[PDB]
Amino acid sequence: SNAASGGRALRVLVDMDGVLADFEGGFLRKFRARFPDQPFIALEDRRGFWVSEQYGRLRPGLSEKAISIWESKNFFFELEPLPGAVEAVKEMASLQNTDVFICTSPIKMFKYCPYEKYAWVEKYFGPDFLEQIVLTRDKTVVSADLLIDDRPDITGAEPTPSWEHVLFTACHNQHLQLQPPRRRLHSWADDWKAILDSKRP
């Protein structure tokens, strides 16, 4: 909930894909359904942020087939929420002096993706939560106390972002050793409130 006027609430940016929405699981399900004669990468075996790069190493042509999955209509809209993600963000947004923004990047092929992300937030969080969406390809220019995001390396035009990046665990990053004092949120069942409280005055 917002601070009283002129005041300063703790501000938390929450990524969508891989944090709220199950991109990896959705991808694999739809890939196997569309391309059942192709090999695939079990989640346990995912390595590197970029799905298509790993698929491209697995067999020639597979990078382009992978890309076609997330370029398809309804791919983003039909992603299932991560366990605990909707409940956690609803709780988080209800906390005093706590402003939560869903800060997500659309893919370059814009025909479906931005629309479906707004539709997905409406679906799970309601119409009033649409006020909390920020779409950007550069998160470093969005100011906040915390950024919860599954991507290990978040870069952009601001060399010294104001947020602390808390790495949200995903199949593709779960084995990564981080430079101290970088930290993780393992899942929404993990203690996200302790992380927020650590940044409060």
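In case it trips you up, residue 1 is the first one in the sequence shown, and so on.
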- Item | Between 52-60 and 29-37 (mean CA B-factor, as deposited), the higher | 52-60
- 11-19 set against 188-196, stretch whose average Cα temperature factor tops the other in the entry: 188-196
- Message: So if I compare the CA B-factors in the entry for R46, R151, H165, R137, which one is the largest?
- Response: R46
- Query: Going by what the PDB entry lists, where does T160 fall on CA B-factor within its chain: lowest, middle or highest third?
  - Reply: highest
- CA B-factor ranking of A42, expressed as a third of its chain: highest
- Pull the Cα B-factor of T104 out of the PDB entry and bin it into the chain's lowest, middle or highest third. lowest
- Query: Sorting the chain's CA B-factors, does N74 end up in the lowest, middle or highest third?
  - Reply: lowest
